[PDB]
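Protein chains in written order, with UniProt numbering: chain A, 117 to 167; chain B, 218 to 268; chain C, 472 to 521; chain D, 66 to 116; chain E, 2 to 80; chain F, 2 to 80; chain G, 2 to 80.
Please read the structure below before turning to the comments.
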Amino acid sequence: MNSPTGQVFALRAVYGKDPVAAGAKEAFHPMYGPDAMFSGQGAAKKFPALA
Amino acid sequence: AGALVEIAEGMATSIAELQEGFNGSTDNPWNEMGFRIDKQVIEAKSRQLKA
Amino acid sequence: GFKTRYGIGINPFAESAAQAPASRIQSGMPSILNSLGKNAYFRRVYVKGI
Amino acid sequence: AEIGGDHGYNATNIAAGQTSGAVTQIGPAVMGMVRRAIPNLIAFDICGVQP
Amino acid sequence: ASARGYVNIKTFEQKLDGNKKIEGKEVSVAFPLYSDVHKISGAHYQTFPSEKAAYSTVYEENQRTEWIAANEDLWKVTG
Amino acid sequence: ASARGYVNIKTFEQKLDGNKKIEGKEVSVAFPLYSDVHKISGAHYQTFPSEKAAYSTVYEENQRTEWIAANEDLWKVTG
Amino acid sequence: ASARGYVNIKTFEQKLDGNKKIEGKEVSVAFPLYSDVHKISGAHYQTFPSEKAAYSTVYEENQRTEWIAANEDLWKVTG
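Written out as structure tokens, the structure reads:
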């Protein structure tokens with residue numbers, strides 16, 4: 117590093133109409149699979165969360 | 218158990234810049250290293266027989 | 472006397488449990504919060520009985 | 066005793082260039098961008114296609 | 002709180018004139034307040050940055066004139 | 002205070018259901034809170050930054066989960 | 002008596018902090034015990050050899066752990 121204090125960006129692919137939101141799931145995540153129906157039924161209806 | 222971990226870190230460029238009494242600061246010496254040079258000594262022992 | 476300046480950094484995405492990072496601007500200097508036992512790239516295993 | 070000072074090691078104070086000392090530097094250089102790579106498909110040999 | 006960084010200032014009390022001391026004080030200042038106005042030189046300190054206050058008396062983002070009272074209060078000489 | 006900027010979110014009370022509403026809510030948010038997490042889309046707002054919050058309800062640097070409950074408060078349905 | 006040489010050390014007490022002292026201790030050490038183990042640096046002393054010990058507390062050839070505990074004892078802080 118030639119100048120003090122480097123920096124590195126990070127581009128998250130975030131979905132749900134808010135690239136920044138509270139708990140906006142990340143799109144392409146090695147951990148986390150893509151939400152199975154988001155493009156699909158999950159746009160037509162909203163499913164009850166499980167708790 | 219991961220309770221007490223093991224690290225090595227730097228020195229903040231605010232502390233390292235003024236080190237051992239610069240800019241009015243005080244009590245903060247640098248660390249130093251010496252060398253020692255200690256010696257050993259041996260002796261010759263005899264041995265012998267007859268006929 | 473000698474002087475050096477180096478500084479260390481954590482890979483962005485190191486933790487990689489995180490949906491999206493907090494604050495958008497996040498020190499890459501290692502610390503307790505981000506860098507302790509959370510880095511995905513490295514997995515430490517103590518062996519015993521050798 | 067003009068001091069160089071440091072960024073506070075805060076993440077903002079670096080990205081702004083704010084510095085405890087005299088100078089406020091430009092910015093945190095750039096070390097380049099880190100994206101999140103795309104996961105791999107399992108393709109379709111496992112399930113008959115029939116377009 | 003500060004939400005950015007703290008510049009911790011630790012001053013060492015020195016004997017100045019007859020039966021008098023310049024009181025050594027430990028103080029933690031929010032960094033963007035400390036960078037804007039800080040008076041300390043020749044004050045026999047040692048300063049270190051940190052992300053949470055390392056001393057009891059803490060000066061947040063908003064003091065200014067309250068810290069401008071304290072930053073030059075380090076030269077107040079108690080008998 | 003935020004000391005940075007206040008992002009002012011103004012939602013317009015609309016009639017959602019029979020004799021019901023989504024109440025019009027005028028709220029200011031500290032920019033470094035708003036830039037980190039903001040849920041606004043399809044919120045029927047108009048948003049302007051300022052150096053001093055423009056509304057009585059104010060969410061400063063430190064709320065987070067108090068705003069994260071209040072950012073999705075803009076879709077609340079009322080009788 | 003050590004019969005070889007005696008390294009005579011005189012340490013000069015000082016005010017370390019507010020109403021605190023680092024106790025000055027005059028001491029002497031057998032030259033071999035001194036060359037073997039001596040911890041004195043930054044201790045505000047002055048040291049001279051002599052055929053006999055020139056100070057009250059004298060360490061002959063065999064003390065060791067009495068002096069190894071004593072040489073580091075010069076940094077004990079008293080009020």
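Ideal placement from N, C-alpha and C gives every residue a C-beta, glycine not left out.
Using a beta-carbon distance cut-off of less than 8 Å, what residues from the segment 67-85 of chain D approach chain A?
72, 79 and 80
Runs of 3 residues minimum, wholly inside the segment 13-74 of chain F: which ones carry the beta strand (DSSP E) assignment?
27-31 and 48-51
First and last residue of the uninterrupted beta strand (DSSP E) at residue 9 of chain F:
7-11
In three-state DSSP terms, what is residue 234 of chain B?
helix
Going by DSSP, what residue range makes up the alpha helix (DSSP H) through residue 126 of chain A?
It is not in any alpha helix (DSSP H) - residue 126 of chain A instead sits in the beta strand (DSSP E) that spans 125-127.
Residues of the segment 33-49 of chain F whose Cβ lies closer than 9 Å to any Cβ of chain C, in chain order
Those residues of the segment 33-49 of chain F that come within reach of chain C (Cβ to Cβ, closer than 9 Å) are 33, 36, 37 and 38.
Across which residues does DSSP place residue 78 of chain G in a beta bridge pair?
G:23
Amino acids of chain D, ordered along the chain, whose beta-carbon sits closer than 7 Å to that of residue 506 of chain C
Per Cβ cutoff of 7 Å: no residues; residue 506 of chain C is ~13 Å from chain D at best.
For residue 233 of chain B, would you say it is in contact with chain C, using Cβ-to-Cβ distances shorter than 9 Å as the test?
yes
Skipping 5 residues on each side, what residues in its chain have a beta carbon closer than 7 Å to that of residue 245 of chain B?
236 and 237
Residues of chain A with a CB under 7 Å from the CB of residue 69 of chain F: which are they?
138
Are the C-beta of residue 150 of chain A and some C-beta of chain C separated by less than 9 Å?
no
Alpha-carbon to alpha-carbon, residue 486 of chain C and residue 506 of chain C:
8 Å
Does any CB atom of chain C fall closer than 9 Å to the CB of residue 227 of chain B?
yes
So with CB distances below 9 Å, who are the chain A contacts of residue 72 of chain F?
Chain A residues near residue 72 of chain F: 137 and 138.
Going by DSSP, name the residue or residues bridged to residue 11 of chain D.
No information on residue 11 of chain D is available, as it lies outside the stretch 66 to 116 that chain D covers here.
Please list the terminal residues of the continuous beta strand (DSSP E) segment that includes residue 100 of chain D.
Going by DSSP, residue 100 of chain D is part of the beta strand (DSSP E) stretching over 98-100.
When burial is assigned at 16 or more other CB atoms within 10 Å of the CB, is residue 62 of chain E buried or exposed?
It is buried - the Cβ of residue 62 of chain E has at least 16 other Cβ atoms within 10 Å.
Whose Cβ in chain C lies nearer than 8 Å to the Cβ of residue 147 of chain A?
487 and 488
Buried versus exposed call for residue 40 of chain F [16 or more other C-beta atoms within 10 Å across all chains shown]
buried
Once you ignore the five residues that flank residue 91 of chain D on each side, which residues in its own chain have a CB closer than 7 Å to its CB?
82
With 16 as the cutoff for other CB atoms within 10 Å, does residue 37 of chain E come out buried or exposed?
exposed
Within 10 Å of its beta-carbon, does residue 247 of chain B have 16 or more other beta-carbons around it, so buried, or fewer, so exposed?
Classified as exposed, residue 247 of chain B has fewer than 16 neighbouring CB atoms from the shown chains inside 10 Å of its CB.
Please report whether the beta-carbon of residue 243 of chain B lies at a distance below 9 Å from any beta-carbon of chain D.
no
Which word fits residue 23 of chain E, buried or exposed, when buried means at least 16 other C-beta atoms lie within 10 angstroms of its C-beta?
buried
Could you spell out the range, first to last residue, of the alpha helix (DSSP H) harbouring residue 78 of chain D?
Looking at the DSSP string, the run of the alpha helix (DSSP H) that includes residue 78 of chain D is 76-81.
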